[PDB]
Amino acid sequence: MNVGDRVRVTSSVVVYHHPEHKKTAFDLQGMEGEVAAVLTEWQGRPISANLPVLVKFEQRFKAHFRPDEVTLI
């Protein structure tokens, strides 16, 4: 949405890159974090990133999402 918003993961997102669960399936739903970036353009030029919403959580752990997977607070 807008950079630096509190958002909740409200869809089944399974990640294999979480520090507490390195190289293992871990669902993210129900977690809360901040919108670090909304990837659409590099230097005013259009980009095809299909998970534009980057959310920073705790432990400096971050994940990319589709807009429909996350909700504002």
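One-based numbering along the sequence shown.
Taking the PDB entry as given, 27-35 carries the higher mean Cα B factor of the two stretches 43-51 and 27-35. The entry lists a Cα temperature factor for residue 73 that places it in the middle third of the chain's modelled residues. Remark: residue 22 belongs to the highest third of its chain, ranked by C-alpha B-factor as recorded.
Among the modelled residues of its chain, residue 56 has a C-alpha B-factor that falls in the middle third according to the deposited record.
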